[PDB]
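Worksheet: one structure, shown below.
Using ideal geometry, Cβ is built from the backbone for each residue, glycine included, and neighbour counts are taken over all protein chains shown. Basis: the model, the stated rules and, where named, an outside source; no laboratory instrument gave them.
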Amino acid sequence: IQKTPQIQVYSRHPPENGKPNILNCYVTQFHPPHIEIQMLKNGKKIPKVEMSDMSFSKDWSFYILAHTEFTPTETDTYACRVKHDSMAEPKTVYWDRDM
Amino acid sequence: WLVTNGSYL
Amino acid sequence: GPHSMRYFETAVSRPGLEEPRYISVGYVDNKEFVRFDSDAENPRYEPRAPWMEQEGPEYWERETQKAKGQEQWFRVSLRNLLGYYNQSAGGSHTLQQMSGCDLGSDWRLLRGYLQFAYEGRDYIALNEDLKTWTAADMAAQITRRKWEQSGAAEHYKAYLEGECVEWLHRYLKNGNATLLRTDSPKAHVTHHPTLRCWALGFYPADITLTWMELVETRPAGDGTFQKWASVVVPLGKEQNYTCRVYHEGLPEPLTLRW
């Protein structure tokens, strides 16, 4: 059977408005390994998003880290979008900048 | 150093 | 203290294709030092740690050829599991393996590990005696009978008391400096409408934050990690709690408040 992904979305460095940073979508605890991840800005997909290399954990579930550069502002919203067979439809996760 | 598997499953 | 080496292998069958995807990852003390992935145009075993570039060409050629042999081994074993479980090759299936060894405080072999999972669930595992197998279900019992008849356990026990300990001793000598490193976390506290303690930039991942909600430890991408833990304060009472962070990189545990 299949394990549904858990998702965290966060910057590598504490966000400053206007300062170049990196957005992380950290996806864990899932199975089967095949998964599709996207990054969104004001509802719009970001190209070039780099996947990490995939690993799995002691309990056998898979994980992976997607990251793309970004420049936070006071207004734009950011989010991560995960498609996986354990879910009848993809899951989107807003980027909260103090989470 | 990677182990080499024996008999197949 | 102890030390360990592990290899995490993954094969995924691809419908209508002969070759599954095969990924193999090495770990010394839970830190990735090598990786192979059949997805590359010219797949080759590769160092993931600075200290692994001390090894010469025969090493990487040999590990590469071994990995192609393991890709074939998983392709066979996948075909067999379709029969044990009466599945169709039209579907994608997943086989995983964990192998390696833990050295005790005396650097002698403490425990060997060899275990397999199918569809992400335990299938068969070599026991602590490196002699007997534990099978997870009726299908794995087929494999266990097979491996008893073939004496496969001996092959593995030889590797585990063999090459595993040797090469681990050498990976420890090579990786010494890097592997002992600790980056101390940098911490601070934020207020919300709820106070939050941030530990950022720390390695290794083991850390304790104590004031409450908390998030699983997360990679920053840069070789360090992050965590936070928070409370809901009584909105008028400030300095509602003190935040302590204990991590083996800190000269002393930190203490913070908003």
(message) Among the residues of region C:66-79, what is the count of those that are farther than 15 Å from B:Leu9 by Cβ and more than 10 Å from chain B (Cβ to nearest Cβ)?
(response) 1
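For (1) within 27 Å of C:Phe116 (Cα to Cα); (2) in a strand (DSSP E or B), each residue gets a yes or a no:
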{"residue": "A:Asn17", "(1), (2)": "no, no"}
{"residue": "A:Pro33", "(1), (2)": "yes, no"}
{"residue": "A:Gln38", "(1), (2)": "no, yes"}
{"residue": "A:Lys48", "(1), (2)": "no, no"}
{"residue": "A:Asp59", "(1), (2)": "yes, no"}
{"residue": "A:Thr68", "(1), (2)": "no, yes"}
{"residue": "A:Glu89", "(1), (2)": "no, no"}
(message) Looking only at region C:33-55, filter to residues that are small (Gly, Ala, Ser) and over 17 Å from the mean Cα position of the chain (by Cα); which one of those is surrounded by the fewest Cβ atoms within 10 Å (Cβ to Cβ)?
(response) C:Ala40
(message) Looking at C:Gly83 and the list (1) closer than 17 Å to C:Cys164 by Cα; (2) surrounded by fewer than 14 Cβ atoms within 10 Å (Cβ to Cβ); (3) not polar (S, T, N, Q), which single condition is not satisfied?
(response) (1)
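Take C:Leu114 and decide whether it is aliphatic (A, V, I, L, M), within 26 Å of A:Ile1 (Cβ to Cβ) and in the same structural domain as C:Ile23 (by CATH).
It is true that C:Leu114 is aliphatic (A, V, I, L, M), within 26 Å of A:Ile1 (Cβ to Cβ) and in the same structural domain as C:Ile23 (by CATH).
Let's see how each residue does on (1) farther than 28 Å from C:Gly16 by Cα; (2) among the aromatic types (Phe, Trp, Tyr); (3) surrounded by 13 or more Cβ atoms within 10 Å (Cβ to Cβ); (4) in the same structural domain as C:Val25 (by CATH):
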| site | (1), (2), (3), (4) |
| --- | --- |
| C:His93 | no, no, yes, yes |
| C:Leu110 | yes, no, yes, yes |
| C:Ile124 | no, no, yes, yes |
| C:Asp137 | yes, no, yes, yes |
| C:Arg145 | yes, no, no, yes |
| C:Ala152 | yes, no, yes, yes |
(message) C:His188 - would you say it is closer than 30 Å to C:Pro234 by Cβ, out of contact with any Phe, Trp or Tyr (no Cβ under 7 Å at 6 or more places or on another chain) and surrounded by fewer than 16 Cβ atoms within 10 Å (Cβ to Cβ)?
(response) no
(request) Scan region C:16-32 and report the pairs whose first residue is crowded, with 18+ Cβ neighbours inside 10 Å and whose second residue is among the aromatic types (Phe, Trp, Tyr) and not in a strand (DSSP E or B), with Cβ atoms within less than 7 Å and a gap of 6+ or a chain change. (result) C:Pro20/C:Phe74; C:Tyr22/C:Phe74; C:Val28/C:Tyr171
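Take the residues in region A:24-45 that are more than 10 Å from every other protein chain (Cβ to nearest Cβ) and surrounded by 15 or more Cβ atoms within 10 Å (Cβ to Cβ), then tell me which one is nearest to the chain's Cα centre (by Cα). Full working, then the answer.
Kept after step one, since they are more than 10 Å from every other protein chain (Cβ to nearest Cβ), are these residues of region A:24-45: A:25, A:27, A:35-45.
Cutting the leftovers down to surrounded by 15 or more Cβ atoms within 10 Å (Cβ to Cβ) gives us A:25, A:27, A:35, A:37-41.
Details: A:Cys25: 2, A:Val27: 6, A:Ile35: 12, A:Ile37: 7, A:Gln38: 7, A:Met39: 7, A:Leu40: 10, A:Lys41: 12 Å.
The extreme case among them is A:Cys25.
Specify the residue that is surrounded by the most Cβ atoms within 10 Å (Cβ to Cβ); the eligible residues are those in region A:54-83 that are hydrophobic (A, V, I, L, M, F, W, C) and within 14 Å of A:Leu40 (Cβ to Cβ).
Filtering region A:54-83 for residues hydrophobic (A, V, I, L, M, F, W, C) gives A:54, A:56, A:60, A:62, A:64-66, A:70, A:79-80, A:82.
If we keep only those that are within 14 Å of A:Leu40 (Cβ to Cβ) too, we end up with A:66, A:70, A:79-80, A:82.
Values: A:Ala66: 22, A:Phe70: 19, A:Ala79: 19, A:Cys80: 24, A:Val82: 22.
Only one residue fits best here, namely A:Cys80.
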(request) Would you mention how many residues in region C:80-97 are within 9 Å of chain B (Cβ to nearest Cβ) and not hydroxyl-bearing (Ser, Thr, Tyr)? (result) 4
(message) Being out of contact with any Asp or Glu (no Cβ under 9 Å at 6 or more places or on another chain), charged (D, E, K, R), closer than 30 Å to C:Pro204 by Cβ and in the same structural domain as C:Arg14 (by CATH) is true for just one of C:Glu32, C:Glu46, C:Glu53. Which residue is that?
(response) C:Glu53
(message) Can you tell me how many residues within region C:192-229 are over 29 Å from the mean Cα position of the chain (by Cα) and under 16 Å from A:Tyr10 (Cβ atoms)?
(response) 2
(message) Here's a check for you: in region C:108-124, which residue that is touching a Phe, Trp or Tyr at 6+ places or on another chain (Cβ under 7 Å) and of a type in the set (A, V, I, L, M, F, W, C) is farthest from C:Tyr7 (Cα to Cα)?
(response) C:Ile124
(request) May I ask you to verify whether C:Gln87 is farther than 20 Å from C:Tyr27 by Cα and either out of contact with any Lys or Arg (no Cβ under 9 Å at 6 or more places or on another chain) or among the aliphatic types (A, V, I, L, M) (or both)? (result) yes
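Per-residue answers, yes or no, for (1) outside any helix (DSSP H, G or I); (2) among the small types (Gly, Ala, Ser); (3) over 30 Å from C:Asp206 (Cα atoms); (4) in contact with a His (Cβ under 8 Å, 6 or more places away or on another chain):
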| site | (1), (2), (3), (4) |
| --- | --- |
| C:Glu9 | yes, no, no, no |
| C:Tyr27 | yes, no, no, no |
| C:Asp39 | yes, no, yes, no |
| C:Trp60 | no, no, yes, no |
| C:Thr64 | no, no, yes, no |
| C:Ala67 | no, yes, yes, no |
| C:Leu81 | no, no, yes, yes |
| C:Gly90 | yes, yes, yes, no |
(request) Within region C:218-239, count every residue that is surrounded by 15 or more Cβ atoms within 10 Å (Cβ to Cβ) and either within 14 Å of chain A (Cβ to nearest Cβ) or under 17 Å from A:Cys25 (Cα atoms) (or both). (result) 11
